[PDB]
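> To be precise about what I am sending: the file is called my_file00.tsv and holds TSV, C-alpha atoms.
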```
chain	number	residue	atom	x	y	z
A	21	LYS	CA	5.83	-16.86	-7.56
A	22	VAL	CA	5.47	-15.00	-4.23
A	23	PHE	CA	8.98	-14.34	-2.86
A	24	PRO	CA	10.47	-12.42	-5.83
A	25	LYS	CA	7.66	-9.85	-5.71
A	26	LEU	CA	7.71	-9.55	-1.91
A	27	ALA	CA	11.42	-8.95	-2.47
A	28	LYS	CA	10.69	-6.19	-4.99
A	29	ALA	CA	8.61	-4.27	-2.44
A	30	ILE	CA	11.52	-4.37	0.02
A	31	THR	CA	13.94	-3.04	-2.60
A	32	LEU	CA	11.62	-0.31	-3.93
A	33	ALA	CA	10.73	0.85	-0.40
A	34	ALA	CA	14.44	1.06	0.44
A	35	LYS	CA	15.38	3.04	-2.67
A	36	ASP	CA	12.98	5.92	-1.98
A	37	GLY	CA	12.81	5.82	1.81
A	38	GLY	CA	16.23	4.73	2.99
A	39	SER	CA	17.55	1.38	4.21
A	40	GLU	CA	16.68	2.27	7.81
A	41	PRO	CA	13.35	0.65	8.84
A	42	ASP	CA	13.06	2.74	12.02
A	43	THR	CA	12.83	5.80	9.77
A	44	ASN	CA	11.16	4.26	6.70
A	45	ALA	CA	7.52	3.28	7.28
A	46	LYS	CA	7.03	1.61	3.88
A	47	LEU	CA	10.19	-0.45	4.37
A	48	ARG	CA	8.85	-1.67	7.72
A	49	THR	CA	5.54	-2.61	6.10
A	50	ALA	CA	7.39	-4.45	3.33
A	51	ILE	CA	9.60	-6.25	5.83
A	52	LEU	CA	6.62	-7.17	8.00
A	53	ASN	CA	4.84	-8.67	4.99
A	54	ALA	CA	7.82	-10.70	3.81
A	55	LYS	CA	8.31	-12.04	7.33
A	56	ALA	CA	4.69	-13.08	7.80
A	57	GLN	CA	5.11	-14.89	4.43
A	58	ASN	CA	8.18	-16.94	5.56
A	59	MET	CA	10.98	-15.23	3.68
A	60	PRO	CA	14.37	-16.01	5.18
A	61	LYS	CA	16.25	-13.14	6.81
A	62	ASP	CA	19.19	-13.19	4.40
A	63	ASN	CA	16.75	-12.73	1.46
A	64	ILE	CA	15.22	-9.62	2.99
A	65	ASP	CA	18.68	-8.30	3.79
A	66	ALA	CA	19.50	-9.02	0.13
A	67	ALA	CA	16.52	-6.96	-0.99
A	68	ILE	CA	17.45	-3.97	1.16
A	69	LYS	CA	21.04	-4.07	-0.11
A	70	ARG	CA	19.87	-4.25	-3.72
A	71	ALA	CA	18.47	-0.72	-3.58
A	72	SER	CA	22.04	0.58	-3.41
A	73	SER	CA	23.06	-1.21	-6.61
A	74	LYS	CA	22.53	-1.14	-10.38
A	75	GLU	CA	19.70	-3.58	-9.69
A	76	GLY	CA	17.87	-1.19	-7.38
A	77	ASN	CA	16.35	1.11	-10.00
A	78	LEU	CA	12.80	-0.17	-9.61
A	79	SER	CA	9.58	1.76	-10.14
A	80	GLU	CA	5.89	1.36	-9.39
A	81	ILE	CA	3.63	1.66	-12.42
A	82	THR	CA	-0.07	0.96	-12.77
A	83	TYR	CA	-1.75	-0.12	-16.00
A	84	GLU	CA	-5.43	-0.40	-16.81
A	85	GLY	CA	-7.30	-2.81	-19.04
A	86	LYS	CA	-10.68	-4.16	-20.05
A	87	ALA	CA	-11.87	-7.56	-21.25
A	88	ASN	CA	-15.06	-9.24	-22.45
A	89	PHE	CA	-17.99	-9.67	-20.08
A	90	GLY	CA	-17.63	-6.13	-18.74
A	91	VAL	CA	-14.38	-6.99	-16.96
A	92	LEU	CA	-12.12	-4.18	-15.75
A	93	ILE	CA	-8.49	-4.80	-14.78
A	94	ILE	CA	-6.06	-2.80	-12.62
A	95	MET	CA	-2.50	-4.02	-12.81
A	96	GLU	CA	0.13	-2.87	-10.34
A	97	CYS	CA	3.71	-3.47	-11.24
A	98	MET	CA	7.21	-2.90	-9.94
A	99	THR	CA	9.80	-3.12	-12.69
A	100	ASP	CA	13.37	-2.27	-13.64
A	101	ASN	CA	12.27	-1.59	-17.21
A	102	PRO	CA	8.79	-0.06	-17.87
A	103	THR	CA	9.30	-0.58	-21.61
A	104	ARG	CA	9.65	-4.34	-21.26
A	105	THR	CA	6.69	-4.44	-18.87
A	106	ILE	CA	4.22	-2.54	-21.07
A	107	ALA	CA	5.33	-4.67	-24.02
A	108	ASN	CA	4.74	-7.99	-22.24
A	109	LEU	CA	1.36	-6.92	-20.88
A	110	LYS	CA	0.29	-5.96	-24.40
A	111	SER	CA	1.39	-9.38	-25.64
A	112	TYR	CA	-0.91	-10.98	-23.06
A	113	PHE	CA	-3.95	-8.93	-24.09
A	114	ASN	CA	-3.11	-9.22	-27.80
A	115	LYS	CA	-3.60	-12.96	-27.38
A	116	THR	CA	-7.12	-12.83	-25.95
A	117	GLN	CA	-9.98	-11.71	-28.18
A	118	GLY	CA	-11.85	-8.65	-26.93
A	119	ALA	CA	-9.22	-7.62	-24.38
A	120	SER	CA	-7.00	-4.54	-24.44
A	121	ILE	CA	-4.97	-2.18	-22.26
A	122	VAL	CA	-6.55	1.25	-21.90
A	123	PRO	CA	-5.15	4.67	-20.95
A	124	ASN	CA	-4.76	5.30	-17.23
A	125	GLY	CA	-7.77	7.08	-15.81
A	126	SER	CA	-10.19	5.10	-17.97
A	127	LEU	CA	-11.27	3.16	-14.89
A	128	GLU	CA	-11.45	6.25	-12.68
A	129	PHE	CA	-14.33	6.18	-10.18
A	130	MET	CA	-14.86	2.48	-10.90
A	131	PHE	CA	-12.61	1.28	-8.07
A	132	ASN	CA	-11.92	2.32	-4.46
A	133	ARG	CA	-8.45	2.39	-2.91
A	134	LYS	CA	-8.60	0.71	0.51
A	135	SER	CA	-6.21	-0.12	3.34
A	136	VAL	CA	-6.50	-3.83	4.10
A	137	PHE	CA	-5.02	-5.37	7.23
A	138	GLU	CA	-5.06	-9.12	7.80
A	139	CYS	CA	-4.78	-10.41	11.36
A	140	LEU	CA	-4.70	-13.90	12.86
A	141	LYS	CA	-7.86	-14.85	14.78
A	142	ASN	CA	-5.58	-16.55	17.31
A	143	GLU	CA	-3.55	-13.38	17.84
A	144	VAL	CA	-6.62	-11.35	18.76
A	145	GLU	CA	-7.65	-13.91	21.36
A	146	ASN	CA	-4.05	-14.01	22.59
A	147	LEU	CA	-4.34	-10.53	24.11
A	148	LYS	CA	-7.91	-11.52	25.00
A	149	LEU	CA	-10.07	-8.95	23.23
A	150	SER	CA	-13.33	-9.63	21.39
A	151	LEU	CA	-14.02	-8.79	17.76
A	152	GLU	CA	-16.45	-6.24	19.16
A	153	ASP	CA	-13.67	-4.54	21.11
A	154	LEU	CA	-11.36	-4.72	18.10
A	155	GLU	CA	-13.91	-2.96	15.90
A	156	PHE	CA	-14.90	-0.37	18.50
A	157	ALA	CA	-11.23	0.40	19.12
A	158	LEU	CA	-10.14	0.63	15.49
A	159	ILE	CA	-13.13	2.78	14.45
A	160	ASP	CA	-11.10	5.75	15.65
A	161	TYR	CA	-8.08	4.65	13.59
A	162	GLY	CA	-9.78	4.39	10.21
A	163	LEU	CA	-11.60	1.03	10.25
A	164	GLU	CA	-14.52	0.95	7.80
A	165	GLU	CA	-15.23	-2.77	8.08
A	166	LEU	CA	-14.22	-5.98	9.83
A	167	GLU	CA	-14.64	-9.31	8.06
A	168	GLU	CA	-13.93	-12.86	9.24
A	169	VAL	CA	-12.14	-15.52	7.20
A	170	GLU	CA	-11.38	-18.76	9.08
A	171	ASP	CA	-8.40	-18.36	11.41
A	172	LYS	CA	-7.97	-14.69	10.51
A	173	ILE	CA	-9.58	-11.25	10.71
A	174	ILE	CA	-9.54	-8.81	7.80
A	175	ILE	CA	-9.88	-5.12	8.59
A	176	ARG	CA	-10.37	-2.54	5.84
A	177	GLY	CA	-10.30	1.24	5.82
A	178	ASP	CA	-9.90	4.04	3.29
A	179	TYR	CA	-6.57	4.27	1.50
A	180	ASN	CA	-5.50	7.43	3.28
A	181	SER	CA	-6.15	5.72	6.65
A	182	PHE	CA	-3.28	3.25	6.19
A	183	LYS	CA	-0.79	4.93	8.57
A	184	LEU	CA	-3.34	5.55	11.30
A	185	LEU	CA	-4.78	2.01	11.16
A	186	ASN	CA	-1.23	0.73	11.57
A	187	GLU	CA	-1.08	2.92	14.68
A	188	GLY	CA	-4.22	1.27	16.01
A	189	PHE	CA	-2.85	-2.24	15.53
A	190	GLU	CA	0.36	-1.18	17.27
A	191	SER	CA	-1.54	0.46	20.13
A	192	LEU	CA	-3.36	-2.82	20.76
A	193	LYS	CA	-0.07	-4.64	20.25
A	194	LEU	CA	-1.92	-6.80	17.73
A	195	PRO	CA	0.38	-8.59	15.23
A	196	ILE	CA	-0.36	-7.92	11.55
A	197	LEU	CA	-0.33	-10.92	9.21
A	198	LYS	CA	-0.40	-8.69	6.15
A	199	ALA	CA	-0.89	-4.99	5.44
A	200	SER	CA	-1.51	-3.54	1.99
A	201	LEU	CA	-3.41	-1.16	-0.25
A	202	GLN	CA	-5.91	-2.79	-2.57
A	203	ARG	CA	-8.18	-1.61	-5.36
A	204	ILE	CA	-11.78	-2.72	-4.79
A	205	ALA	CA	-14.34	-2.35	-7.61
A	206	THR	CA	-17.29	-0.11	-6.71
A	207	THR	CA	-19.71	-2.28	-8.68
A	208	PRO	CA	-18.64	-5.97	-8.67
A	209	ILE	CA	-19.80	-8.28	-11.46
A	210	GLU	CA	-20.40	-12.03	-11.46
A	211	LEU	CA	-19.49	-14.18	-14.45
A	212	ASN	CA	-21.01	-17.55	-15.25
A	213	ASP	CA	-18.66	-20.56	-15.36
A	214	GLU	CA	-18.07	-20.15	-19.09
A	215	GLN	CA	-17.10	-16.49	-18.72
A	216	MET	CA	-14.89	-17.07	-15.68
A	217	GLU	CA	-13.02	-19.77	-17.59
A	218	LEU	CA	-12.49	-17.52	-20.62
A	219	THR	CA	-11.32	-14.65	-18.43
A	220	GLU	CA	-9.13	-16.83	-16.22
A	221	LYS	CA	-6.93	-17.49	-19.27
A	222	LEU	CA	-5.89	-13.84	-19.48
A	223	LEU	CA	-5.80	-13.27	-15.72
A	224	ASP	CA	-3.36	-16.15	-15.22
A	225	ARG	CA	-0.89	-14.95	-17.84
A	226	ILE	CA	-0.80	-11.50	-16.26
A	227	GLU	CA	-0.48	-12.68	-12.65
A	228	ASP	CA	2.38	-14.91	-13.83
A	229	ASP	CA	4.44	-11.97	-15.11
A	230	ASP	CA	7.43	-11.28	-12.82
A	231	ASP	CA	6.63	-7.55	-12.78
A	232	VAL	CA	2.96	-7.68	-11.82
A	233	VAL	CA	2.91	-7.49	-8.00
A	234	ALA	CA	-0.84	-6.87	-7.79
A	235	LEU	CA	-3.85	-7.59	-9.97
A	236	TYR	CA	-7.35	-6.26	-9.26
A	237	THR	CA	-10.50	-7.01	-11.23
A	238	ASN	CA	-14.14	-6.00	-10.87
A	239	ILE	CA	-15.10	-9.66	-10.59
A	240	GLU	CA	-17.01	-10.98	-7.59
```
Taking this structure as input, can you express it in the form of structure tokens?

Amino acid sequence: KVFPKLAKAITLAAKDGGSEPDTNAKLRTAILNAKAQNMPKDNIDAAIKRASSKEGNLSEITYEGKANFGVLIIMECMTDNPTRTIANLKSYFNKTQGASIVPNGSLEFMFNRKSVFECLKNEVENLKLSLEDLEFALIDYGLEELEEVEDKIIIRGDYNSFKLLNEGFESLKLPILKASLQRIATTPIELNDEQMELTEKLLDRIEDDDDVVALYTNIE
């Protein structure tokens, strides 16, 4: 469900970055995420050690697809067998009428790559700084927008601003609940209840695949 995939990001990051967090930014980000989610220490350690084994040959691959109702799908996967992955995904689409995987690039310019940092509303108040100060401060570190979602603050910035934004959060000594790179549709679409239900069928099968670590749609 959630741990296996959070474990895959720790292994992948270690394989092409080293098993030393102090010198591997991505590994730190992966570790931070797993921790905030409440993955036991031994598990993480197990994910870092896996990179140096026959089970550490993971890769990040993105697939693109479309479905009825003008739906566009971006699937991010980490797998130890791209052949198996592409085959399973195709079996999911070849089960839903009107849906199909398309060549990468087909959705170009339809989505935006953004850095998304989630923070706890209680953490911000901890070091006593307003949301106004948080925004003013992070504007110099890549912040494009600040949104509020009960008990937590979500800060977004361009994809390339990931590293810097992390710097900002660390400068303010503000704990990060979750840091990631997400694909956000440029032109969101809204489906009626009937459409959402029909689409949900396909979206649930995909999300359930053990290789799909991220799923982005143009749905609002």
> For residue 53 of chain A, work out the shell of residues within 8 Å, counting only C-alpha atoms and skipping chain neighbours fewer than 3 positions away, then give it as number ranges by chain.
A: 26, 49-50, 56-57, 197-199
> When you draw a straight line from atom CA of residue 22 of chain A to atom CA of residue 237 of chain A, how long is it in Å?
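Rounded to one decimal, the two atoms are 19.2 Å apart.
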> With distances taken over all atoms listed in the file, which of A:233, A:130, A:169, A:149 is nearest to residue 206 of chain A?
A:130
> So, counting all atoms listed in the file, which residue among A:224, A:135, A:166, A:160 is closest to residue 204 of chain A?
A:135
> Name the residues in contact with residue 102 of chain A at a cut-off of 12 Å, using only C-alpha atoms, excluding same-chain residues fewer than 5 positions from it; report them as an NGL selection string.
:A and (77-83 or 96-97 or 107-109 or 231-232)
> Output C-alpha atoms for every residue in that selection, as a PDB file, in the frame of the given file.

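Result file is part.pdb:
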```pdb
ATOM      1  CA  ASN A  77      16.350   1.110 -10.000  1.00  0.00           C
ATOM      2  CA  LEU A  78      12.800  -0.170  -9.610  1.00  0.00           C
ATOM      3  CA  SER A  79       9.580   1.760 -10.140  1.00  0.00           C
ATOM      4  CA  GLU A  80       5.890   1.360  -9.390  1.00  0.00           C
ATOM      5  CA  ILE A  81       3.630   1.660 -12.420  1.00  0.00           C
ATOM      6  CA  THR A  82      -0.070   0.960 -12.770  1.00  0.00           C
ATOM      7  CA  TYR A  83      -1.750  -0.120 -16.000  1.00  0.00           C
ATOM      8  CA  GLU A  96       0.130  -2.870 -10.340  1.00  0.00           C
ATOM      9  CA  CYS A  97       3.710  -3.470 -11.240  1.00  0.00           C
ATOM     10  CA  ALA A 107       5.330  -4.670 -24.020  1.00  0.00           C
ATOM     11  CA  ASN A 108       4.740  -7.990 -22.240  1.00  0.00           C
ATOM     12  CA  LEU A 109       1.360  -6.920 -20.880  1.00  0.00           C
ATOM     13  CA  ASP A 231       6.630  -7.550 -12.780  1.00  0.00           C
ATOM     14  CA  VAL A 232       2.960  -7.680 -11.820  1.00  0.00           C
TER      15      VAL A 232
END
```
> From the list A:158, A:51, A:34, A:222, which residue is nearest residue 114 of chain A when using all atoms listed in the file?
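Answer, going by the shortest atom-to-atom distance: A:222.
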